[PDB]
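Residue numbers (our numbering): 6 to 87.
In this text, a Cβ means the ideal position worked out from N, Cα and C, and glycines have one as well.
Notes for the one structure printed next.
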């Protein structure tokens with residue numbers, strides 16, 4: 006229901022990081038670039054995309070996995086961007 010607090014902050018990260026170095030690097034700037042602009046509301050979506058694993062995420066961008074949510078369609082564009 007559109008939530009976000011000091012927790013979401015650590016959450017965003019606590020969620021990221023996995024068995025993907027490159028993916029671990031991306032987040033570094035990706036977030037600092039996105040998460041920085043990503044407003045509380047937006048941060049809500051990030052969790053939706055982040056929810057996915059590192060592999061899936063990467064593959065996703067590559068066009069491997071799929072997304073059963075149109076709320077990420079946009080987030081992917083922006084996110085995938087950074």
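Would residue 21 pass as a contact of residue 9 if the rule is Cβ separation under 8 Å?
-> no
8 Å contact criterion, which residue 52 and residue 16 should meet: CB distance rounded = 7 Å
Compute the Euclidean distance between the alpha carbons of residue 18 and residue 36, then round it to the nearest angstrom.
-> 9 Å
Grab me the residues of residue 58's own chain with a C-beta within less than 7 Å of its C-beta, minus the 5 sequence neighbours each way, in chain order.
-> 23
C-alpha gap between residue 79 and residue 7, whole angstroms = 17 Å
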